[PDB]
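Structural overview for review
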Amino acid sequence: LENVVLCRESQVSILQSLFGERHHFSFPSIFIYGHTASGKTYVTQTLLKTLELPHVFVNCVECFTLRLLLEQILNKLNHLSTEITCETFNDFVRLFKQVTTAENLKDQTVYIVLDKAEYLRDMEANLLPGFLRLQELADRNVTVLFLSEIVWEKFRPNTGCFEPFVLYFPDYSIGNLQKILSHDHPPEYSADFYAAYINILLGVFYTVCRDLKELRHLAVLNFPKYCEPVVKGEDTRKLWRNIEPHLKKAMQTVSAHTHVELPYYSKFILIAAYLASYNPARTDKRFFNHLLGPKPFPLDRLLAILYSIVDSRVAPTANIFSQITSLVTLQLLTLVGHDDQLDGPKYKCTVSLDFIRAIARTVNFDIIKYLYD
Amino acid sequence: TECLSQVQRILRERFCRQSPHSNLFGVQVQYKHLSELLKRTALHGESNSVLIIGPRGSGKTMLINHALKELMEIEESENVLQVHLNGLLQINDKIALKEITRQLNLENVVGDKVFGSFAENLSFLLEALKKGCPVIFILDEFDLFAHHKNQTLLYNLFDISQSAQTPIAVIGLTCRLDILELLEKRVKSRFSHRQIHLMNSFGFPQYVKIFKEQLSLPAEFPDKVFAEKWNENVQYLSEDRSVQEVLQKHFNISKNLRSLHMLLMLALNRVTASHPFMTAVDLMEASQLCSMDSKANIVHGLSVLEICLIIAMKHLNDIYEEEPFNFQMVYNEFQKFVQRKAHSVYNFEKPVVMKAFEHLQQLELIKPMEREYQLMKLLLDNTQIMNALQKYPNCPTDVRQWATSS
Amino acid sequence: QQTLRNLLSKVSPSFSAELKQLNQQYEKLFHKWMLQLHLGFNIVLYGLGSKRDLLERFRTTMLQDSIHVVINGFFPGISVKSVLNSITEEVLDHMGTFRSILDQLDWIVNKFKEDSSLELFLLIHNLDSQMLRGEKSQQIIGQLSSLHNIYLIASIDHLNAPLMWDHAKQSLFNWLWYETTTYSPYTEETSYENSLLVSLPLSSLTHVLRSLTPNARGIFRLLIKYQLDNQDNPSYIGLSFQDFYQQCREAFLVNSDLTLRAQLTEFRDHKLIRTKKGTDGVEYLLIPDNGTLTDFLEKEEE
Amino acid sequence: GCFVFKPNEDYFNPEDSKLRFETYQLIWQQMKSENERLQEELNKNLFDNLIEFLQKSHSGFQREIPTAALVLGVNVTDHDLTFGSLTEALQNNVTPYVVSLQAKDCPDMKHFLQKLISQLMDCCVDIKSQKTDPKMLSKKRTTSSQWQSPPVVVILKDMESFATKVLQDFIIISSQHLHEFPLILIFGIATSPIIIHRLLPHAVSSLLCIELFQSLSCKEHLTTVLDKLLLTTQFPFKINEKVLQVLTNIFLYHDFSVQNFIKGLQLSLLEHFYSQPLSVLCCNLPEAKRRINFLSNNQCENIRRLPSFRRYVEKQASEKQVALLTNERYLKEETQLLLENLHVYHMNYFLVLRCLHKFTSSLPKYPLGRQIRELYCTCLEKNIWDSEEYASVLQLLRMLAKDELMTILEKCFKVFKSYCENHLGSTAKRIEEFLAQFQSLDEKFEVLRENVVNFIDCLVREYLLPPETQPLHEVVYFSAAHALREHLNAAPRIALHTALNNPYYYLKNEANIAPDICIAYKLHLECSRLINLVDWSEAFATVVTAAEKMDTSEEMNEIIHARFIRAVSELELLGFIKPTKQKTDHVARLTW
Amino acid sequence: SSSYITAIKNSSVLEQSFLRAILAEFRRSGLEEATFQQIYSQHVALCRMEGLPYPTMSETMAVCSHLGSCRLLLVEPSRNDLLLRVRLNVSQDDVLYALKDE
Ligand SMILES: Nc1ncnc2c1ncn2[C@@H]1O[C@H](COP(=O)(O)OP(=O)(O)OP(=O)(O)O)[C@@H](O)[C@H]1O
Ligand SMILES: Nc1ncnc2c1ncn2[C@@H]1O[C@H](COP(=O)(O)OP(=O)(O)OP(=O)(O)O)[C@@H](O)[C@H]1O
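Calculation notes
- Note on numbering: residues are counted from 1 along each chain in the order of its written sequence, which can differ from the entry, and residues with no coordinates are hidden.
- Here the convention is simple: chains get letters from A, ligands get numbers from 1, in the order in which they are written.
- Each side-chain value is derived from all of the structure's non-hydrogen atoms; neither hydrogens nor water enter the calculation.
- Residues with missing side-chain atoms are left out of burial classes, side-chain pairs and their counts.
- UniProt positions are given in the numbering used here, feature names are shortened, and annotations may be inferred rather than shown by experiment.
- Inter-axis angles, ranging from 0 to 180 degrees, are taken between N-to-C directions of lines fitted to C-alpha atoms, where helices are fitted over the stretch in contact.
- Here a strand is any run of E in DSSP of at least two residues, a helix any run of H or I of at least four, and the numbering for each starts at the N terminus.
- Any angle that falls under 35 degrees is termed roughly parallel, while one over 145 is termed roughly antiparallel, one within 65 to 115 roughly perpendicular, and all others oblique.
- When checking whether two residues touch, look at their non-hydrogen atoms; a contact exists if any pair is within 4.5 Å.
- Near, as used in this document, describes a residue that has one of its heavy atoms within 4 Å of the molecule or strand being considered.
- N or O atoms within 3.5 Å of each other form a polar contact, as long as, within protein, one can give a hydrogen and the other can take it, and as long as residues adjacent in sequence are counted only when both atoms are side-chain atoms.
- The Shrake-Rupley method, run with a 1.4 Å probe, gives the accessible areas here. Residue values count only the displayed protein chains as cover.
- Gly counts as polar in this scheme, as do all residues outside two lists: the nonpolar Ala, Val, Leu, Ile, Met, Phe, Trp, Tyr, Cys and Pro, and the charged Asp, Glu, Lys and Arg.
- Whether a crossing is left-handed or right-handed is set by the direction in which the near helix is turned from the far one by less than a right angle, anticlockwise for left-handed and clockwise for right-handed.
- Partly exposed residues are those whose accessible area sits between 20% and 50% of the maximum for their type, while under 20% is buried and over 50% is exposed, using a 1.4 Å probe and protein chains only.
- Note on pairing: DSSP must find at least two bridges between two strands before they are called paired.
- Whether a crossover is right-handed comes down to one check: with the strands pointing away from the viewer, does the path from the first strand over the helix to the second run clockwise; if it does, it is right-handed.
- Using a 1.4 Å probe, buried area is obtained as the accessible area two parts lose upon being combined, added over both of them.
- Salt bridge, as used here, is a side-chain nitrogen of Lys or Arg placed within 4 Å of a carboxyl oxygen of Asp or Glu.
- In this analysis, a patch consists of residues with relative accessible area above 30% that form no salt bridge, clustered at 9 Å for like charges and at 5 Å for the nonpolar side chains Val, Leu, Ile, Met, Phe, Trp and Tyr.

Going by the header, the method for this PDB entry is cryo-EM, and the resolution given is 5.0 Å.

The PDB entry annotates chain D as Origin recognition complex subunit 3 originating from Homo sapiens. This entry appears in the Protein Data Bank under the title "Human Origin Recognition Complex, ORC1-5 State I". If you open the UniProt record of chain D and go to Subunit, you find "Component of ORC, a complex composed of at least 6 subunits: ORC1, ORC2, ORC3, ORC4, ORC5 and ORC6. ORC is regulated in a cell-cycle dependent manner. It is sequentially assembled at the exit from anaphase of mitosis and disassembled as cells enter S phase." Chain D has a UniProt comment under Sequence similarities that states "Belongs to the ORC3 family."

Named according to the PDB entry, chain A is Origin recognition complex subunit 5 originating from Homo sapiens. Listed under Subunit in UniProt, the entry text for chain A is "Component of ORC, a complex composed of at least 6 subunits: ORC1, ORC2, ORC3, ORC4, ORC5 and ORC6. ORC is regulated in a cell-cycle dependent manner. It is sequentially assembled at the exit from anaphase of mitosis and disassembled as cells enter S phase." Regarding chain A, the UniProt comment filed under Sequence similarities reads as follows: "Belongs to the ORC5 family."

Digging into the packing of helix 3 (residues 30–38) of chain C against helix 4 (residues 52–62) of chain C
Residue and element names in this part refer to chain C. Put simply, helix 3 and helix 4 touch, their axes get as near as 11 Å, and they point 75 degrees apart. The pairing of helix 3 with helix 4 is recorded here as roughly perpendicular in orientation. Residues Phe30, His31, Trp33 and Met34 of helix 3 lie in contact with helix 4, whose contacting residues are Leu54, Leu55, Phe58 and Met62.

A word on the site of ligand 2
If you check the shell around ligand 2, you find 18 residues, and the closest are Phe25(B), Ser58(B), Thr61(B), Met62(B) and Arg258(B). The residues that come close to ligand 2 belong to more than one chain, namely chains A and B. In the model, an oxygen atom of ligand 2 is placed 2.9 Å from a nitrogen or oxygen of the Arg133(A) side chain. For ligand 2, whose unbound accessible area comes to 620 Å², protein coverage reaches 94%. Take the shell around ligand 2: its biggest share by element is three residues, from helix 3 (residues 60–73) of chain B. Grouping the amino acids of the shell around ligand 2 by side-chain chemistry returns six nonpolar, eight polar and four charged.

Focus on the packing of helix 1 (residues 2–16) of chain B against helix 13 (residues 259–269) of chain B
All names here are of chain B. Interaxial distance between helix 1 and helix 13 falls to 9 Å at its minimum, and their mutual angle equals 160 degrees. Compared by their axis directions, helix 1 and helix 13 come out roughly antiparallel. Both helix 1 and helix 13 take part in a crossing whose hand is left-handed. Touching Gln8, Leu11, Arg12, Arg14, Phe15 and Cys16 of helix 1 are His261, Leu264, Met265, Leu268 and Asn269, all from helix 13. Considering only residue class, the contact of helix 1 with helix 13 consists of six nonpolar, three polar and two charged.

Things to note about the arrangement of the chains
Here nine pairs of chains make contact, and the pair sharing the most contacts is chains C and D. Separated without contact, chain D and chain E have their nearest C-alpha atoms at a distance of 19 Å.

Here's the deal with the environment of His33(B)
Of note, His33(B) is situated in helix 2 (residues 28–43). In this structure the side chain of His33(B) is engaged in a polar contact, spanning 3.2 Å, whose partner is the side chain of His197(B).

Considering the side chain of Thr88(C)
Residues and elements named next belong to chain C. As for its placement among the helices and strands, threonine 88 is situated in helix 5 (residues 80–89). Note on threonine 88: relative accessible area 8%, which makes it buried. Every residue in contact with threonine 88, bar those within four places of it in the chain, is listed here: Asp93, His94, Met95, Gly96 and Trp107.

Considerations on the side chain of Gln8(B)
Residue and element names in this part refer to chain B. Take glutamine 8: it is sitting in helix 1. Residue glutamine 8 is classed as buried on the basis of its relative accessible area of 8%. Apart from the residues within four sequence positions on either side, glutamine 8 is in contact with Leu268, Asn269 and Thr272.

A closer look at the sheet that holds strand 3 (residues 123–124) of chain C
In space, the three strands of this open sheet follow the order 3(C)-2(C)-1(D), with mixed pairing throughout. Only two strands of the sheet have a single partner each, and these edge strands are strand 3 of chain C together with strand 1 (3–5) of chain D. Of the strand pairs in this sheet, strand 2 (residues 68–71) of chain C and strand 3 of chain C are connected by two bridges, and their pairing is parallel. Each residue of the ladder has a partner; that of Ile71(C), found in strand 3 of chain C, is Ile124(C).

Remarks on the pairing of strand 6 (residues 186–189) of chain D
The side chains of a regular strand alternate, residue by residue, between the two faces of the sheet. Residues and elements named next belong to chain D. Residues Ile186 and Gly188 of strand 6 are buried on one face, and the alternating residues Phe187 and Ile189, pointing to the opposite face, are buried as well. Of the pairings in the sheet, the one linking strand 3 (residues 70–71) to strand 6 comprises two bridges and is parallel in character. Paired with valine 71 across the bridge in strand 6 is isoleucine 189. Inspection of the sheet shows strand 5 (residues 153–156) paired to strand 6 by two bridges, in the parallel sense. Looking at the pairing, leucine 156 lines up with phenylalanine 187 of strand 6. You can see the chain leave strand 5, run along helix 6 (residues 164–176) and come back into strand 6, and the turn it takes is right-handed.

Some thoughts on the sheet that holds strand 6 of chain D
Residue and element names in this part refer to chain D. Read from one edge of the open sheet, four strands run 3-6-5-4, paired in parallel fashion. The outermost strands of the open sheet, each flanked by one partner alone, are strand 3 and strand 4 (98–101). The strands touched by helix 4 (residues 109–127) within the sheet are strand 4 and strand 5, with strand 4 carrying the most contacts at an inclination of about 150 degrees.

Things to note about the interface of chain C and chain D
With 59 residues of chain C at the interface, the matching set in chain D holds 50 residues. Summed over both partners, the interface of chain C with chain D buries about 5,300 Å², with 64% contributed by carbon and sulfur atoms. When the area that chain C buries against chain D is broken down by residue, the three leading residues are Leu35(C), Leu48(C) and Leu159(C), summing to 13%. Counting across the interface, chain C meets chain D through one salt bridge.

Section: a nonpolar patch on the surface
Side chains of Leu291(A), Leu292(A), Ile319(B) and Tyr320(B) sit close together on the surface and give an oily, nonpolar patch of about 400 Å² of accessible area. Position of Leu291(A) relative to the elements: it lies in the loop between helix 13 (284–287) and helix 14 (299–309). With a relative accessible area of 31%, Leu291(A) lands in the partly exposed category.

Topic: the site of ligand 1
All names here are of chain A. With respect to spatial proximity, 14 residues lie near ligand 1, and among them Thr36, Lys40, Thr41, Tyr42 and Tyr172 are the closest. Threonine 36 is positioned such that a nitrogen or oxygen atom in its side chain is 2.5 Å from an oxygen atom of ligand 1. At 2.5 Å from an oxygen atom of ligand 1 is found a side-chain nitrogen or oxygen belonging to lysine 40. Relative to its unbound accessible surface of 630 Å², ligand 1 loses 82% to contact with the protein. Taken together, the residues of the shell around ligand 1 break down into six nonpolar, four polar and four charged.

Remarks on the pairing of strand 4 (residues 153–156) of chain C
All names here are of chain C. Residues of strand 4 alternate between two faces, with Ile153 and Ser155 on one and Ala154 and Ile156 on the opposite face, all of them buried. In this sheet, strand 4 lies alongside strand 1 (residues 42–46) in parallel orientation, the contact comprising four bridges. Bridge pairing in strand 4 links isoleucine 43 to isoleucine 153.

See the structure below:
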């Protein structure tokens, strides 16, 4: 809540100017795209908190149905009583005129701020072009402020709509990422020294992720680890050359063991399913690229290669078929005929080869020349 | 001063609220065609049901409200009871019946019996109105209205407009062109054909005049000296050829007469702090803030792991062409490039590379058509990436050699 | 069909004495079934011949005191909605709720925990069929039958019949498995399915029409209009899921992807939409003639 | 067509039913109750760590959301019991706000929130004494303002069968406002914590705090429940090694679950109590002494005439044979001490079997048995000293004579020094006999000679095959292997192959008389590549033309065609040939 | 009268070149379907030939939704964004007469 800008001033200024004072009209609809790092609710909330334009904030992640989305808009709006119920959209446009007739907000441009609108994209086909024309639909000095992850070009309803004014909030630049990634609040050091740490860390680290949140997380992790041998050992270059040995491994490391005990025939089932998935160009006859993935194959082929792998005391009981169904619920095998029928479809293998190697080796089986060579 | 707040208040409403400014251009013949039809359907008991088609962003609602206001100025309030519908709000029949109940002040009589045949419902609405009388039906966004389950509020309006002979205009406002071919054949063969409007734009040298008449301070006087100073500045900017250059550029992308409002709206947002009379360069940057390349803003912001990944996808078009790929071929191409390179900075290990994918899927540059190594689709152009890689500010030399290799 | 079945059972099945004796081996096995079922087990019995007459003789000799919901599984009218509906009215002696299947499932679970010694047990002919199974379908039978006060008996006929039970699904009803053989021909299945030597008529589409939501009725209005409007084009190989998704979304019939996929797979159950894979791998959709497809939505709109 | 009829207890069926059934109900109910108690004891080391972790992650709240991903086993059959125990433990030592979600009652988000707030409303309204999202937060704000605001936890049972969209949406909703409503979810991962990266994309996976826990790998769970359930002296009903072998094999190969094993033991107990009329005195020893003394005389002739006792008749002298054959009053007296000898054999068997188990588990490579289960197997399939495996132990145990052997003799002696007076009376006073050998363990030749006399006295004295060594052993032991296995694990794909290829039941049909359908399938698979319809109909017509003439042709063609089509609808119906659409006709050989 | 030729006759320049790109790709393929990147490449070629500036596909997709809103052509969604399969709602000699008459 503290710093409004941290040097993104021109977009802030043109948005602040675009709002205007209260008694005259503004835009119907403003769409803001940009990257998820780029402050797109930091900037607008610290902008809206300053002037206190009387606004409602929603997230469309929260409202999974249409009624809750209208309900919290109308219920948070009338405070600026009971739940003022709206089942439909026309109820919302009806009750909006009664709500927006109070002296706090009679002439004031009311802002209905909509966050993460890509989840609103598949709520309905009605609600997005209904929301874009609200300034003349209800005619009560409204500006619906959009912000989203996604481009407007996929967001249009393919009928056309009221095209909103579209801003691009820019990504943060490099020296701006030196400045605004916590040059304020260093607790115990000089800000020069914490800036020297993160100036060394960032220029190494500006190739994987420009997200400010996780870089703030990684910086507040690996800065006290950097900060301990200065205050214990005692010159930034030497501990720079010490901190990058830790930084490469902390980079690499941000999944206990792949081995899973199984019942014995289930092990042999998915061994057979792998072996009939990964070289299956009618090479059943021989023993008894790889990179494209798993090829589908039917059930009776799997049962034949099961009979060839296992010692021959197997009976097709109820339990081995029930086990072969229960392997799919644990998502070690997949049916790619989604509804082809109850009779044995193409079952394709979806486990990695090292896991398969471990399951094969824990019951006496070396298979890598047997699998694709 | 008085002038800056007054010019922004009086210009902003006709700018961006699309307020009723009185100058209308290019539409005089369609308006004069509409007006006598509306006068004879309104003054007399007969009912004719005109239809208007045009593109989005131009014409329709301004014309029907302007003709509405000019007809309402003539008395004998004439007891014409207008009813405004939209296609967007009233999606279903049960909403539509209660909305006509809402507009026509019906709830003095309670009417609390859902009748089966909705012709009796509509005729009861018109009947209890008739004993209490013209109505004008403004049926906006007709293309969404033509997706009823049973086309009740389409067809029963036409049946009552021919049969009840209560004064009625079913004025449909559409946006798609085939309102007839989308209309189902019993209604389209029934009474769809009253005379159909068509709506289109005009020539560019008069479109500079409609820019000037749009921008000029009106015959309403905030202060007459400031009106003369500013609309002379409007004409001086209008006669300059750079404004004409960017306006011709705006004509060939947009004939819309809505894009002009936004393009000029950003310019007037810039003006009142200092230099209240503005430049052609201020109009130029106001056009520049209306963006042209939406995707270079996305690609330009991305980190370089995503850059070498997306140029690996572009390289996946330039060998083994035209399949929806998966993760492993992308991994193979990235590994073959990084083994072509000597340095071990960028040999980033396998679970890191998935993070660039599942961030990149959120931008929808890559498409899903199994769960993590399947059939992903690229929706992109080479040349925007080729322009983006030279505009990358901290672009390293090895991904530059990857770009030149390609 | 009828003139084919006039010649049925004219003269001489080639054994009768060992068939009577082989069925007469299994009449000694019935008090074991009653005791075994009282403890909370569940008997599946499979076989090669018709065993529902054995179950009918069983319910005559030992079920004259208890309630039994004899659910046939061979004729295509029965889905589990009818099971829950008839067990709600004709067993619990009052109607239940109507909003969803899980609501009446949980409600009919809830009635039995409080009412001790109510002692109802259905039995199902032909639990595996084209209509009876399904992960929505079979699990309702499972969750229903898992209680202390409900004892199902089934018959499975298929070769792949224990393919539709995971261990968690199998743990709901304590299965134990009997072996039977009768060699009687399955006359009810072969009667009431079909015969090939002679598409779907209006009745079952009316029954699906009267048991589904009106929005699903509007969905198949769209699909049958897109089928009937391109009937004599031999290159029309069916709409995609994405095209049908958007043309369903434009008329506000459905909201989400998963709701339409669930509606598509429960209508794929009824065999009135078939999926075809083109060379893209993307599944297109075409249902099984044209003249029987105009009668409904001619008469559904007069 | 689901027509209902309205109608408008102690029946079991000599072995008289009433005390038989009460004996059944007593034994099985006791076994099930102690089964549940021994289930809940073993997981205490697991979830009492979890109470510590959840207390620590709640208490530091003054950006993150804590998850504890359990790694339970592949057995989905017994996953309810561990969650009931964990729900009990977390309900007692931490909050009375514990709910669980099942992943079958919420395909999407409205069901998720509605059932969660209903469970939360009942769980709060009991222990204080609605589709809305922020009203759940308002419920948390109203209902618990105090008691350090105890954290509501949800329990996702199956992580795997959840769809990713509804789970992602719930985690982002809950992580958005946990200022009030601190939520600590615990999803039970069925496989391994790899798949929480698979089912969750990286933004939602980065939103939280992962701390995984193990669970009880199931082999050392079933060693406890086999070891406490049947290997004890306490429960009156033992089991045969072959029936046990069937049950433990269908554990270890197919099912990997323990609730199925207890169903198998319950079935064995039930079928044993059906089977034989001498099973009624499967009791403790004074309860055996109750009505041995009064009983029907034909069951006492059955106690004379069962073959283990007739082996005892064969080994004994005539002067008591003539009165002990028929007369009940002496037959009671000899059978009573025979039942006492049965209990005696069990009591000196099992504790020295555990002693041998501890003495054999100490060994390098453990060649006899891996665990306590298989030691029962190796001392009953073959004769144990006849077999080469105890020969390998005896060959091993000589030069293993160092202080590892002396130290583990002391250690095994300490664990059955706890079982010294937990035996509390031995059938040879073998506790202080062997302890009188085992008391010189504190004071390198002596370990060898003491070893020799200990295993010789031990194994040659009691450790023997229980049927032939003991008459009247049928009362405790139940043995019918492939009678049971087909009840518990049947194979229809073998049954149809058998009754279709060889439908010989008892007149001449073994390698043309009395099928119709096996004629159809056998003639289908005499042309064993594929088939078209009309020639197959002609071939069936040919072989029943042979059947007709081994007992006009147009009526015969009609009746042959009708019985052909009745056969061929079943051969389509039973998982064989699938109809070949759009051609003239054919059938497709779908099963080889 | 027919609406469509008057709609083409009062269309803008980039719309007319988009219809020219549509007919150029339909002369190349012969089919009634085309993807958006193909006609985008044709549109890039025609804006190169006419001395126009570069047709960015934000503008080209805005004009594609313009022409799809007015039903001179039949569209796929803007979600597919490069993979839009477009059909032409009017016949080809009609639009040839519409861009041939002047
Ligand atoms: N200029 C800035 N100065 C300081 N902190 C910032 C700045 N921009 C962003 N942040 C950080 O970003 C957080 C807000 O995230 P942001 O505004 O990027 O969300 P968002 O863009 O709405 O996310 P999404 O696009 O995924 O919906 C704040 O908590 C703050 O820590
Ligand atoms: N001939 C004209 N005279 C005056 N203003 C015009 C004219 N043509 C277009 N406009 C302007 O273009 C916009 C047209 O908006 P209107 O709602 O009336 O039509 P529309 O936007 O095409 O209809 P819809 O809202 O259904 O798309 C308004 O800003 C209007 O001021």
